[PDB]
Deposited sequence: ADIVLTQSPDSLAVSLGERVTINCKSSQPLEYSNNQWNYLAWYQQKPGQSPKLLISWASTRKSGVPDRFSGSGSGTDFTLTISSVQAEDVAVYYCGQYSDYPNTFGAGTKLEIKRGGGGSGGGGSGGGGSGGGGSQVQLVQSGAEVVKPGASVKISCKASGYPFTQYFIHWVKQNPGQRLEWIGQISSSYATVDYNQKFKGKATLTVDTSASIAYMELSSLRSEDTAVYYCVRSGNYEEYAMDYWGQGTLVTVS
């Protein structure tokens, strides 16, 4: 059974300096047998732009993100808390687990008031029933020492994990939901990952994000590309 992450506040409108919590419950515990690590990340999508990681391992905070943002929880309920929300902090915040395949995300929570670079290819308009091959060019890091994922974000703005390719051996894990639909490739000699959406229909209208991931403490997906919008006629 696939891991369902359900976030508690659909949306919060709130005053500057006020304190917020955002909650996330999963259907199974987001831990692994061998470790006490909790396989949950929090991501921030401020409108206009790609999601960014703030907090992995539930407890652990990514370097660079300010101290107000704090990760709490273990087992099956995790909560993000912002000590005092600022004007920079109006965004949609996404719960995200990486304990079991397929990787799943939460519904989102929009808050309101009152060097690595993955450069995705251009936007695309596609006749239903045809196919398209989106690219992603990595820079600023040793390519072969990291993985590459693909994540779809649809019109209503929820996130679905498509799959992962090893950038050295080209091996790929898929989500079953995308087995016929997507195929991941990598030209390792050029630092480009690719994805090929085939037999496109209306529900493939979405934005397709390319997301890096690494090893050990850097297990969770950290850096997203700018996105490619694929709209079908």
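Participant: Tell me, which runs of residues in the deposited sequence have no coordinates at all?
Facilitator: That stretch is 115-135, the only one.
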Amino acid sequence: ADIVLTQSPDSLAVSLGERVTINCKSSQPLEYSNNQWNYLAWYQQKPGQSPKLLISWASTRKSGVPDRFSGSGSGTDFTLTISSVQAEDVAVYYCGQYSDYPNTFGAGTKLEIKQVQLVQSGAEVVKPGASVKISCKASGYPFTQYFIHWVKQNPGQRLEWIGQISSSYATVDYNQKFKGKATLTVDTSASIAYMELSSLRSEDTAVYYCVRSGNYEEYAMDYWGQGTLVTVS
From here on, numbers count along this sequence of modelled residues.
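Participant: I need to verify one thing: averaged over C-alpha atoms only, is the B-factor higher for 79-87 or for 97-105?
Facilitator: Result: 79-87.
Participant: Averaged over C-alpha atoms, is the B-factor higher for 14-22 or for 214-222 in this PDB entry?
Facilitator: Result: 14-22.
Participant: Would you mind finding, among 36, 44, 183, 168, the residue with the largest C-alpha temperature factor in the entry?
Facilitator: Each of 36, 44, 183, 168 was compared by C-alpha B-factor; the highest is 36.
Participant: Whose CA atom has the top B-factor in the entry, of 133, 114, 137, 149?
Facilitator: Among 133, 114, 137, 149, the PDB entry lists the largest C-alpha B-factor for 114.
Participant: Quick one: classify residue 175 as lowest, middle or highest third of the chain based on its Cα B-factor.
Facilitator: Lowest third, going by the recorded CA B-factors of the chain.
Participant: Split the chain's modelled residues into thirds by Cα B-factor; is residue 195 in the lowest, middle or highest one?
Facilitator: Within its chain, residue 195 is a lowest-third residue by C-alpha B-factor, going by the deposited values.
Participant: What third of the chain does residue 62 rank in for C-alpha temperature factor, lowest, middle or highest?
Facilitator: It belongs to the lowest third of the chain when residues are ordered by C-alpha B-factor.
Participant: Could you tell me which third, lowest, middle or highest, the C-alpha B-factor of residue 31 occupies within its chain?
Facilitator: For residue 31, the deposited C-alpha B-factor lands in the highest third.
Participant: For residue 70, return the chain-relative third of its C-alpha B-factor as stated in the PDB record: lowest, middle or highest.
Facilitator: Highest third.
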